[PDB]
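Source file: my_file.pdb. Holds: PDB, C-alpha atoms and all ligand atoms.
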```pdb
MODEL        1
ATOM      1  CA  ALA A 172      11.218  13.656   1.233
ATOM      2  CA  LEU A 173       7.605  14.728   1.653
ATOM      3  CA  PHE A 174       6.709  11.548   3.527
ATOM      4  CA  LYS A 175       8.869   8.703   4.902
ATOM      5  CA  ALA A 176       8.108   5.518   6.795
ATOM      6  CA  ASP A 177      10.851   3.047   7.848
ATOM      7  CA  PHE A 178       9.058   1.682  10.968
ATOM      8  CA  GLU A 179      12.321   1.701  12.940
ATOM      9  CA  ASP A 180      10.644   3.496  15.867
ATOM     10  CA  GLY A 181       8.173   0.568  15.991
ATOM     11  CA  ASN A 182       5.141   2.796  15.579
ATOM     12  CA  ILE A 183       2.091   1.994  13.423
ATOM     13  CA  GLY A 184       1.501   5.750  13.008
ATOM     14  CA  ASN A 185      -1.505   6.337  10.750
ATOM     15  CA  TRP A 186      -1.251   3.049   8.844
ATOM     16  CA  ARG A 187      -4.509   1.101   8.779
ATOM     17  CA  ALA A 188      -6.203  -1.971   7.389
ATOM     18  CA  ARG A 189      -8.761  -1.660   4.590
ATOM     19  CA  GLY A 190     -11.057  -4.428   5.865
ATOM     20  CA  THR A 191     -10.705  -7.243   8.438
ATOM     21  CA  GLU A 192      -6.968  -7.815   7.969
ATOM     22  CA  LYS A 193      -4.228  -7.372  10.593
ATOM     23  CA  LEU A 194      -1.388  -4.818  10.586
ATOM     24  CA  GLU A 195       1.615  -5.138  12.868
ATOM     25  CA  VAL A 196       4.993  -3.473  13.037
ATOM     26  CA  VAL A 197       7.288  -6.474  13.394
ATOM     27  CA  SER A 198      10.850  -6.650  14.597
ATOM     28  CA  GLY A 199      13.576  -8.850  13.127
ATOM     29  CA  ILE A 200      12.200  -8.524   9.553
ATOM     30  CA  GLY A 201      12.955  -5.466   7.432
ATOM     31  CA  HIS A 202      14.505  -4.079   4.255
ATOM     32  CA  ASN A 203      18.175  -3.636   5.317
ATOM     33  CA  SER A 204      16.725  -2.889   8.721
ATOM     34  CA  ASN A 205      15.176  -4.422  11.771
ATOM     35  CA  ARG A 206      11.563  -3.385  11.406
ATOM     36  CA  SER A 207       8.748  -3.402   8.854
ATOM     37  CA  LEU A 208       4.978  -3.375   8.549
ATOM     38  CA  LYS A 209       3.385  -6.820   8.210
ATOM     39  CA  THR A 210      -0.087  -7.344   6.825
ATOM     40  CA  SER A 211      -1.697 -10.688   7.558
ATOM     41  CA  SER A 212      -5.112 -12.266   8.029
ATOM     42  CA  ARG A 213      -5.877 -11.087   4.488
ATOM     43  CA  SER A 214      -9.086 -12.618   2.982
ATOM     44  CA  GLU A 215      -9.522 -10.284   0.006
ATOM     45  CA  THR A 216      -6.981  -9.229  -2.692
ATOM     46  CA  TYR A 217      -7.630  -5.624  -1.740
ATOM     47  CA  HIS A 218      -6.650  -6.157   1.893
ATOM     48  CA  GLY A 219      -3.375  -4.429   2.530
ATOM     49  CA  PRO A 220      -1.683  -1.664   4.451
ATOM     50  CA  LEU A 221      -2.983   1.830   3.772
ATOM     51  CA  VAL A 222      -1.996   5.315   4.805
ATOM     52  CA  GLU A 223      -3.536   8.748   4.156
ATOM     53  CA  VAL A 224      -0.987  10.941   2.358
ATOM     54  CA  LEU A 225      -2.973  13.929   1.030
ATOM     55  CA  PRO A 226      -1.945  16.206   3.967
ATOM     56  CA  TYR A 227       1.731  15.725   3.116
ATOM     57  CA  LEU A 228       1.218  16.868  -0.469
ATOM     58  CA  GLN A 229       0.328  19.904  -2.598
ATOM     59  CA  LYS A 230      -2.871  19.491  -4.656
ATOM     60  CA  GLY A 231      -2.155  19.627  -8.390
ATOM     61  CA  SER A 232       1.431  18.455  -8.012
ATOM     62  CA  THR A 233       3.280  15.449  -9.349
ATOM     63  CA  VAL A 234       5.105  13.396  -6.725
ATOM     64  CA  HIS A 235       7.184  10.197  -6.774
ATOM     65  CA  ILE A 236       6.025   7.323  -4.526
ATOM     66  CA  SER A 237       8.226   4.317  -3.689
ATOM     67  CA  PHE A 238       8.141   1.442  -1.234
ATOM     68  CA  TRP A 239       9.779  -1.917  -0.698
ATOM     69  CA  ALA A 240       7.814  -5.152  -0.375
ATOM     70  CA  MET A 241       8.494  -8.783   0.470
ATOM     71  CA  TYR A 242       6.576 -11.976   1.110
ATOM     72  CA  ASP A 243       8.012 -15.241   2.433
ATOM     73  CA  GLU A 244       5.319 -17.917   2.197
ATOM     74  CA  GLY A 245       3.298 -19.684  -0.516
ATOM     75  CA  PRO A 246       4.020 -19.309  -4.240
ATOM     76  CA  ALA A 247       7.441 -19.030  -5.856
ATOM     77  CA  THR A 248       6.388 -15.627  -7.275
ATOM     78  CA  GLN A 249       3.568 -13.171  -6.665
ATOM     79  CA  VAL A 250       2.558  -9.733  -7.946
ATOM     80  CA  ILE A 251       2.213  -6.849  -5.449
ATOM     81  CA  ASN A 252       0.608  -3.607  -6.512
ATOM     82  CA  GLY A 253       0.906  -0.099  -5.200
ATOM     83  CA  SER A 254      -2.416   1.693  -5.375
ATOM     84  CA  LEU A 255      -4.324   4.843  -4.467
ATOM     85  CA  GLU A 256      -7.658   5.258  -2.704
ATOM     86  CA  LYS A 257      -9.266   8.592  -3.406
ATOM     87  CA  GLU A 258     -12.132  10.428  -1.761
ATOM     88  CA  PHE A 259     -13.828  13.526  -3.193
ATOM     89  CA  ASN A 260     -16.035  16.082  -1.397
ATOM     90  CA  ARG A 261     -15.912  13.874   1.764
ATOM     91  CA  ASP A 262     -18.146  11.341   0.007
ATOM     92  CA  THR A 263     -17.146   8.063   1.689
ATOM     93  CA  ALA A 264     -19.742   6.096  -0.295
ATOM     94  CA  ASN A 265     -18.092   6.791  -3.708
ATOM     95  CA  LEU A 266     -14.355   6.133  -3.338
ATOM     96  CA  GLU A 267     -12.105   5.490  -6.351
ATOM     97  CA  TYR A 268      -9.153   3.208  -6.653
ATOM     98  CA  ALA A 269      -6.197   3.279  -9.035
ATOM     99  CA  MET A 270      -3.097   1.162  -9.335
ATOM    100  CA  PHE A 271       0.103   3.193  -9.797
ATOM    101  CA  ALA A 272       2.713   0.405  -9.921
ATOM    102  CA  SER A 273       3.058  -3.327  -9.968
ATOM    103  CA  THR A 274       6.046  -5.679  -9.665
ATOM    104  CA  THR A 275       6.473  -9.459  -9.661
ATOM    105  CA  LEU A 276       8.267 -10.449  -6.483
ATOM    106  CA  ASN A 277      10.235 -13.614  -5.834
ATOM    107  CA  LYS A 278       9.455 -15.417  -2.594
ATOM    108  CA  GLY A 279      11.699 -14.103   0.188
ATOM    109  CA  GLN A 280      13.361 -11.162  -1.688
ATOM    110  CA  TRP A 281      12.663  -7.449  -1.116
ATOM    111  CA  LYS A 282      11.768  -5.439  -4.198
ATOM    112  CA  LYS A 283      10.975  -1.774  -4.891
ATOM    113  CA  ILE A 284       7.561  -0.667  -6.231
ATOM    114  CA  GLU A 285       7.538   2.934  -7.534
ATOM    115  CA  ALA A 286       5.957   5.511  -9.827
ATOM    116  CA  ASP A 287       5.108   9.123 -10.345
ATOM    117  CA  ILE A 288       1.585  10.010  -9.339
ATOM    118  CA  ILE A 289      -0.558  13.057  -9.847
ATOM    119  CA  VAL A 290      -2.226  14.675  -6.852
ATOM    120  CA  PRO A 291      -5.569  15.992  -8.138
ATOM    121  CA  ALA A 292      -6.172  19.750  -8.026
ATOM    122  CA  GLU A 293      -8.113  21.581  -5.318
ATOM    123  CA  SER A 294     -10.946  22.217  -7.817
ATOM    124  CA  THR A 295     -11.732  18.454  -8.008
ATOM    125  CA  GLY A 296     -12.859  18.591  -4.383
ATOM    126  CA  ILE A 297     -10.302  15.844  -3.544
ATOM    127  CA  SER A 298     -10.532  15.192   0.233
ATOM    128  CA  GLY A 299      -8.477  12.004   0.708
ATOM    129  CA  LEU A 300      -5.649  10.327  -1.078
ATOM    130  CA  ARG A 301      -4.291   7.175   0.483
ATOM    131  CA  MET A 302      -1.529   4.923  -0.690
ATOM    132  CA  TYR A 303      -1.885   1.178  -0.182
ATOM    133  CA  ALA A 304      -0.383  -2.141  -1.245
ATOM    134  CA  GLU A 305      -2.448  -5.086  -2.402
ATOM    135  CA  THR A 306      -2.407  -8.107  -4.708
ATOM    136  CA  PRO A 307      -4.060  -8.164  -8.164
ATOM    137  CA  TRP A 308      -7.842  -7.994  -8.086
ATOM    138  CA  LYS A 309     -10.023 -11.097  -8.128
ATOM    139  CA  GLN A 310     -13.737 -11.491  -7.320
ATOM    140  CA  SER A 311     -14.308 -12.892  -3.777
ATOM    141  CA  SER A 312     -15.542 -16.265  -5.193
ATOM    142  CA  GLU A 313     -12.393 -16.683  -7.405
ATOM    143  CA  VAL A 314      -9.957 -15.619  -4.608
ATOM    144  CA  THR A 315      -7.453 -18.299  -3.626
ATOM    145  CA  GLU A 316      -4.878 -18.706  -0.878
ATOM    146  CA  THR A 317      -2.017 -17.566  -3.105
ATOM    147  CA  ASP A 318      -3.863 -14.246  -3.653
ATOM    148  CA  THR A 319      -4.205 -13.547   0.091
ATOM    149  CA  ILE A 320      -0.660 -14.238   1.311
ATOM    150  CA  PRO A 321       0.727 -12.033   4.091
ATOM    151  CA  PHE A 322       3.368  -9.568   3.049
ATOM    152  CA  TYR A 323       5.697  -6.927   4.419
ATOM    153  CA  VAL A 324       6.275  -3.308   3.390
ATOM    154  CA  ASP A 325       9.132  -1.001   4.348
ATOM    155  CA  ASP A 326      10.997   2.166   3.376
ATOM    156  CA  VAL A 327       7.931   4.008   2.103
ATOM    157  CA  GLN A 328       8.845   7.349   0.572
ATOM    158  CA  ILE A 329       7.176  10.220  -1.277
ATOM    159  CA  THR A 330       9.418  12.733  -3.023
ATOM    160  CA  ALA A 331       8.900  16.026  -4.824
ATOM    161  CA  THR A 332       9.536  16.126  -8.619
TER
HETATM  162  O1  LIG A 401     -13.047  -4.090  -7.864
HETATM  163  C1  LIG A 401     -12.855  -2.678  -7.655
HETATM  164  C2  LIG A 401     -11.857  -2.266  -6.535
HETATM  165  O2  LIG A 401     -12.379  -2.698  -5.257
HETATM  166  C3  LIG A 401     -11.727  -2.147  -4.117
HETATM  167  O3  LIG A 401     -12.078  -2.747  -2.843
HETATM  168  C4  LIG A 401     -13.221  -2.278  -2.110
HETATM  169  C5  LIG A 401     -14.365  -3.222  -2.414
HETATM  170  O4  LIG A 401     -14.591  -3.261  -3.828
HETATM  171  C6  LIG A 401     -15.580  -2.740  -1.626
HETATM  172  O5  LIG A 401     -16.776  -3.424  -2.053
HETATM  173  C7  LIG A 401     -15.253  -2.879  -0.127
HETATM  174  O6  LIG A 401     -16.421  -2.673   0.692
HETATM  175  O7  LIG A 401     -14.170  -1.970   0.178
HETATM  176  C8  LIG A 401     -12.987  -2.300  -0.576
HETATM  177  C9  LIG A 401     -11.835  -1.409  -0.205
HETATM  178  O8  LIG A 401     -11.389  -1.538   1.141
HETATM  179  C10 LIG A 401     -10.249  -2.479  -4.235
HETATM  180  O9  LIG A 401      -9.583  -1.778  -3.198
HETATM  181  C11 LIG A 401      -9.554  -2.172  -5.547
HETATM  182  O10 LIG A 401      -8.214  -2.720  -5.531
HETATM  183  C12 LIG A 401     -10.391  -2.720  -6.701
HETATM  184  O11 LIG A 401      -9.759  -2.267  -7.910
HETATM  185 CA    CA A 402      12.504  -0.692   8.284
ENDMDL
END
```

For the structure just supplied, provide its representation as structure tokens.
Amino acid sequence: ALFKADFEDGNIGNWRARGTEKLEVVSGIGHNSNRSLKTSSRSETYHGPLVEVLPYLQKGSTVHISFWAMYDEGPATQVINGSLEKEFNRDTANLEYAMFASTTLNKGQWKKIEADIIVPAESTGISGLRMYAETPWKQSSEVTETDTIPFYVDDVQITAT
């Protein structure tokens, strides 16, 4: 594996919020394990746990990203997306965002979200590439409670192809 996070050491590492939401490594909740990363206090669909992965990866390569997700409150089902945040030429004012995978989860059950992704080449000037999880986009005025449910992620992995 190029990158692995199972949270079993209880460390947040380099995982971060995207806005005003709360990240916590919790104990007693996990995918076949005792620990996982909970994201709560979400008030936008795009709030979710994020980590910078570009340093783990070769520019120009194709890699396989997977993670497990779960939520246990609110609707019977809900879509979780796996997405990328990209920065070019250290321009923090013009980030790009792309979804790489999406699954419909059932309340209370862990499910795997995965895809191949392309790491842009050096000659793009790519300077950040961060994986994150989120719910499907909605404008702030249309956002409802079901959209902003807390959720867990675990067993994050990036593999060579
Ligand atoms: O709708 C496009 C895109 O928005 C991304 O969220 C941005 C938000 O649009 C921006 O105004 C705010 O200041 O920062 C956040 C990111 O933390 C969102 O991440 C994408 O899922 C969405 O496709
Ligand atoms: Ca775990």

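Look at residue 212 (chain A): the protein and nucleic acid residues within 10 Å of it, using only C-alpha atoms and passing over chain neighbours fewer than 4 places away, are residues 191, 192, 193, 194, 218, 219, 319, 320 and 321 of chain A.
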
Applying the PyMOL selection byres (((chain A and resi 178) around 12) and not hetatm) to the file I just gave you, which residues come out? Please list them as a PyMOL selection string. chain A and resi 175-177+179-186+195-209+323-328

Please enumerate the residues selected by the PyMOL selection byres (((not hetatm)) within 8 of (chain A and resi 401)) when evaluated against the supplied file, formatted as a PyMOL selection string. chain A and resi 189-190+216-218+254+256+267-270+305-310

Can you sort out the box for region 187-194 of chain A, edges along x, y and z, all listed atoms in, 4 Å on every side, with centre and edge lengths in Å to one decimal, as lines of an AutoDock Vina configuration file?
```
center_x = -6.2
center_y = -3.4
center_z = 7.6
size_x = 17.7
size_y = 16.9
size_z = 14.0
```

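Applied to the file shown here, the PyMOL selection byres (((chain A and resi 222) around 10) and not hetatm) selects residues 184, 185, 186, 187, 188, 189, 220, 221, 223, 224, 225, 255, 256, 300, 301, 302, 303 and 304 of chain A.
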
Spatial neighbours of region 311-318 of chain A, 9 Å, all atoms listed in the file, chain gap at least 6 places, as a CSV table (one decimal) with C-alpha atoms, in the frame of the given file:
```
chain,number,residue,atom,x,y,z
A,213,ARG,CA,-5.9,-11.1,4.5
A,214,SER,CA,-9.1,-12.6,3.0
A,215,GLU,CA,-9.5,-10.3,0.0
A,216,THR,CA,-7.0,-9.2,-2.7
A,245,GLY,CA,3.3,-19.7,-0.5
A,246,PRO,CA,4.0,-19.3,-4.2
A,249,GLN,CA,3.6,-13.2,-6.7
A,250,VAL,CA,2.6,-9.7,-7.9
```

Could you state the separation of CA of residue 280 (chain A) and CA of residue 248 (chain A) in Å, given to one decimal place? 10.0 Å

Would you mind listing what lies within 12 Å of residue 265 (chain A) as a PyMOL selection string, with all atoms listed in the file counted and same-chain residues fewer than 3 positions away left out? chain A and resi 256-262+268+297-299

Shortest interatomic distance to ligand CA 402 (chain A) - which of A:211, A:281, A:264, A:232, counting only C-alpha atoms and all ligand atoms: A:281

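Shortest atom-to-atom contact with residue 293 (chain A) among A:229, A:279, A:210, A:173: A:229, counting only C-alpha atoms.
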
Straight-line distance linking CA of residue 289 (chain A) with CA of residue 242 (chain A), stated in Å to one decimal: 28.2 Å

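Among the candidate residues A:241, A:272, A:172, A:292, the one lying nearest to ligand CA 402 (chain A) is A:241, with distances computed using all atoms listed in the file.
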
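Counting from CA of residue 239 (chain A), the distance to CA of residue 290 (chain A) is 21.4 Å.
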
From the list A:294, A:252, A:240, A:282, which residue is nearest residue 322 (chain A) when using all atoms listed in the file? A:240

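For the residues A:247, A:275, A:238, A:288, ranking by smallest atom-to-atom distance to ligand CA 402 (chain A) using all atoms listed in the file places A:238 first.
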